[PDB]
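In the block that follows, a single chain appears as structure tokens, in the form deposited in one PDB entry.
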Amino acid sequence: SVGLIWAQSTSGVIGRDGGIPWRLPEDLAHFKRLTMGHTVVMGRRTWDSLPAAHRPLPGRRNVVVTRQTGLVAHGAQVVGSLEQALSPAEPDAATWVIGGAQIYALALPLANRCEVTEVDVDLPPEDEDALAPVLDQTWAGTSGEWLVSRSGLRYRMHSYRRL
């Protein structure tokens, strides 16, 4: 079963300048805990954004989507489409699409769950930003309480499931 997991600002930004334009350790820990032991599917640009001690993401089957047939991605499985990523030779009980914006758009129609972190950070979008997908009426969700990070940002977790 396919789920998406992402963190966004309220304005809908998920990425900027090849990374994520805020710091939120509670959300990184949330991501690690939900995905550990499972398959994580990502676009090539998100693979390229992973810091060194996280490339590959440890304890998870990393699957990278690219059109570059000869791509070198040590510690990851390279595939040529999202549909390939979602058709493993070796099934996983849980597969998480972990970004980026390009892959979320392709995966959202194939998914039954989205785990969304909302970050109250003032981030008016900039021209090159990666932006969150939008959930339409086929999705319904529940929201956690607004929390404050030890780092100071307000945030909260939403869980959406396909109707």
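A residue's number is simply how far along the shown sequence it sits, counting from 1. Rigid core: the largest C-alpha set superposing within 1.5 Å between the two forms.
Here the subject shifts to the form deposited in another entry, a form of this protein not shown in this document.
After superposing on the rigid core, which residue out of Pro109, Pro51, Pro124, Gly70 has its C-alpha displaced by 2 Å or more between the shown form and the other one? So the residue whose C-alpha moves 2 Å or more is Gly70.
Quick one: in that other deposited form, is the Cα gap between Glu90 and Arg113 smaller or bigger than here? Answer closer or farther; it shifts by 3 Å or more. Residues converge in that other deposited form, at least 3 Å closer.
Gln84 and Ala73: do their C-alpha atoms lie closer or farther in that other deposited form than in the form you see, with a change of 3 Å or more? Relative to the displayed form, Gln84 and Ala73 move farther apart in that other deposited form - a change of at least 3 Å between their C-alphas.
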